[PDB]
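Participant: An experimental structure, sequence included, is below.
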Amino acid sequence: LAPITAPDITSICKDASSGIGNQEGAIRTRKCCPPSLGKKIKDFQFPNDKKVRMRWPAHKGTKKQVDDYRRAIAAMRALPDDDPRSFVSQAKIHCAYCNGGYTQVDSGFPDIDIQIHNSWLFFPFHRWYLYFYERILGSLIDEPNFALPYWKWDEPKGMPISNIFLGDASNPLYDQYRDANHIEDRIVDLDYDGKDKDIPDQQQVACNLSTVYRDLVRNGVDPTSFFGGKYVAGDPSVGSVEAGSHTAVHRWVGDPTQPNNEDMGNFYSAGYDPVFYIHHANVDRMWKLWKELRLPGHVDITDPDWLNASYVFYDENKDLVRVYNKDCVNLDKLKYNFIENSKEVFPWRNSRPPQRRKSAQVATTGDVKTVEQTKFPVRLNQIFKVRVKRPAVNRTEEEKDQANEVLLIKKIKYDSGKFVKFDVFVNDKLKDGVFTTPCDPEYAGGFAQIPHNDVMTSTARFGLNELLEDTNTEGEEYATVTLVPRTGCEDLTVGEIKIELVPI
Ligand SMILES: [Cu+2]
Ligand SMILES: [Cu+2]
Ligand SMILES: [W+6]
């Protein structure tokens, strides 16, 4: 039993020095430590709120919902910086936990930093972060049933940044450090890679819906693939949402003219944009949706090493509270939820990529070497293709409902002072001139990483059960994998590639 355990963050904290590629010229401070007020850390107790806080889509809020949120942020902004509830203090929380503020001294490892990103800590940490943030906002405006908006980018009209965030500084929800090309009611790109795609809005919307389906169904096949990999004291694959739509939105909003793409483009500065929290409000919602799908494998983590991991936050009373992963899995107990559509289906539920026609494919993926014929590690300074032996062919619906076939891209090594991304295509073999889109069945997804240099070693998982059917290759002994670099890959290597059956 070695769960990650935040220390007394008011006693053990150091300036952020990780994940910031240009510190000598950074727009926000790296002094992200919380105010030390001599408080004793209290244990969490479940809230006694009379009713459930209902978070609302940011593009369809009532007059009261918008006005309160706006009034709450104005109040938080007006607080002294040193106040732990202040706008600046709340932003620094993200910086402290994401950019090397804390050590694992409480677990007996004072020389190792805690990183809550790129692991199974990703979802529960942000859930707790928002929990206290929301309760703090409500107390500032004397609204005990106050609820955050959420950026519903899984809904077409929810996809552009909501106009409540736009205008100028006289709007509390406004932030000057945003990509000026992306704040004019333009549609978010949930698989953004730094380059604006010149495609019709209709197509971008369709692909955004496919991205949600991908993150929650095609690649989010089990707790490891969805939440992220196991992370314990003394020491991690990234999850489908985290390296997918979540990372895209950060890079899409951040200002590319700033040294570290501040604010949303980097973890240390993200919290200075009010939309950061509202984006994460929807990421929090994805966890709930993922469970509501009631598909095999869509279950919560039961590992004691996860359940007993804990963080510390200031609450609405400036008290320090220790919270555990085990206590945030049930929203009803945290006295909040999300206003849903009350319809038969999610708009993205059937956004599985269309089936590929055999008449659109040639016979083979071409002349390409197998893994065993290849010498690893392989440099990704150019497109890379290899055939990977599958554990079996022509599995029945029974076997597919018992085990996912999973593509593992292991030992991804690269300089993580810059945003990195490459894309993964499997069994791409179209006839010349065949019509293509950014969300074709061949596309397995991507590996994207916001800067987190402690140089760094990652792992990515892609589900193939649907894909092999969608591309008519469930009977081929090998899967041809194509890795395609988009940015920050000029020095990236890939140590191992393989496909495994992973029981549900
Ligand atoms: Cu974060
Ligand atoms: Cu984030
Ligand atoms: W158009």
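Facilitator: Alright, I've got the coordinates. Numbering: from 1, shown residues only. Ligands and ions are numbered 1, 2, ... in the order given.
Participant: correct me, but residue 483 touches residue 426?
Facilitator: No: using CB atoms under 8 Å as the test, residue 483 is too far from residue 426 to be in contact (10.3 Å). Any C-beta I mention is one placed from the backbone N, CA and C, and that applies to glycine too.
Participant: For stretch 154-161, what is the distance to the chain centroid?
Facilitator: Stretch 154-161 sits 17 Å away from the centroid of its parent chain (CA atoms, centre = their mean, to the nearest Å).
Participant: Residues contacting it, please?
Facilitator: 57-60, 151-153, 178, 182-183, 185-188, 205, 208-209, 212, 253, 275, 282, 286, 346-348 (CB atoms under 8 Å, 6 or more residues apart in numbering).
Participant: Among those residues, name the ones in strands.
Facilitator: Among the contacts of stretch 154-161, the ones falling in strands (DSSP state E) are residue 57.
Participant: Got a quick PyMOL command for the buried subset of the contacts of stretch 154-161?
Facilitator: To isolate the buried subset of the contacts of stretch 154-161 in PyMOL, counting by 16 or more other CB atoms under 10 Å, use the following:
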select buried, resi 57+58+59+151+152+153+178+182+183+186+187+188+205+208+209+212+253+275+282+286+346+347+348
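Participant: Helices of the stretch 1-150 of the chain, start to end?
Facilitator: In the stretch 1-150 of the chain, the helices defined using DSSP state H, counting those that start in this stretch lie at 63-78, 87-98, 122-140.
Participant: Repeat that for the chain.
Facilitator: Taking DSSP state H as the test, the helices found in the chain are 63-78, 87-98, 122-140, 201-213, 223-227, 245-253, 274-292, 304-307, 397-400, 465-470.
Participant: residue contacts, residue 245?
Facilitator: 153, 190-191, 211-212, 215.
Participant: re the thing from before, with residue 267 as the reference, name the closest of the helices of the chain.
Facilitator: helix 87-98 (3.9 Å; CB to CB).
Participant: other SSEs contacting that closest one?
Facilitator: helix 63-78, helix 122-140, strand 310-314 (3 or more CB pairs under 8 Å, 6 or more residues apart in numbering; DSSP states H and E).
Participant: and the nearest residue to residue 29 once chain neighbours are set aside, how many residues sit next to it?
Facilitator: Nearest non-adjacent residue to residue 29, counting by CB to CB, 6 or more residues apart in numbering: residue 92, 7.9 Å away. Using other CB atoms under 10 Å, residue 92 has 27 neighbouring residues.
Participant: Offset the numbering so it begins at 8, please.
Facilitator: Got it, first residue is 8 now, which makes that one residue 99.
Participant: tell me the contacts of residue 99?
Facilitator: Residue 99 touches 36, 38-41, 278, counting by CB under 8 Å, 6+ apart.
Participant: again, but for residue 236
Facilitator: Residue 236 touches 126-127, 243-246, 466, counting by CB under 8 Å, 6+ apart.
Participant: out of the residues you listed, what pair is the most spread apart?
Facilitator: Across the contacts of residue 236 (CB to CB), the longest gap, 12.8 Å, separates 127 and 466.
Participant: Between the two, point out the one with more neighbours.
Facilitator: Neighbour totals were compared for residue 127 and residue 466, and residue 127 leads with 27 against 18 (other CB under 10 Å).
Participant: quick one, what contacts the more buried one?
Facilitator: So residue 127 contacts 230-231, 234-238, 246, 308, 313 (CB under 8 Å, 6+ apart).
Participant: What segments of the stretch 308-457 of the chain are strands?
Facilitator: Using DSSP state E, counting those that start in this stretch, the strands of the stretch 308-457 of the chain run over 317-321, 327-331, 343-345, 385-386, 391-396, 410-421, 427-433, 450-456.
Participant: what angle do the longest one and strand 427-433 make?
Facilitator: Translated: strand 410-421. Using axes from the mean of the first three to the mean of the last three CA atoms, to 10 degrees, the inter-axis angle of strand 410-421 relative to strand 427-433 is 150 degrees.
Participant: Partner strands of strand 410-421, with direction?
Facilitator: Sheet partners assigned to strand 410-421 using DSSP bridges are listed as strand 463-470 (antiparallel), strand 500-510 (antiparallel).
Participant: ok, now the shortest one?
Facilitator: Here the strand partners of strand 385-386, with direction, are listed using DSSP bridges: strand 500-510 (antiparallel).
Participant: Buried ones in the partner strand, by neighbour count?
Facilitator: Using 16+ other CB under 10 Å as the test for burial, strand 500-510 gives 500-501, 504, 506, 509.
Participant: can I get the CA coordinates of that strand in CSV?
Facilitator: C-alpha atoms of strand 500-510 as CSV (Å, rounded to 0.1, in the frame of the first residue of the first chain):
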residue,chain,number,x,y,z
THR,A,500,11.7,7.8,-30.1
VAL,A,501,9.3,4.8,-29.7
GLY,A,502,10.7,1.9,-27.7
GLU,A,503,8.1,-0.8,-28.2
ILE,A,504,4.9,-1.6,-30.2
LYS,A,505,2.6,-4.5,-29.5
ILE,A,506,-1.0,-5.7,-29.5
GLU,A,507,-2.5,-7.5,-26.5
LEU,A,508,-5.8,-9.0,-25.5
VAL,A,509,-7.0,-7.3,-22.4
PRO,A,510,-9.7,-9.0,-20.5
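Participant: distance of the closest residue in space to residue 114 that isn't next to it in sequence from residue 317?
Facilitator: Leaving aside its chain neighbours, residue 114 sits nearest to residue 240 (3.3 Å; criterion: CB to CB, 6+ apart). Residue 240 sits 11 Å away from residue 317 when distances are taken as CB to CB, to the nearest Å.
Participant: Nearest the geometric middle of this protein, what residue?
Facilitator: Centroid check for the chain by CA atoms, centre = their mean gives residue 249 as the closest residue, at 2.3 Å.
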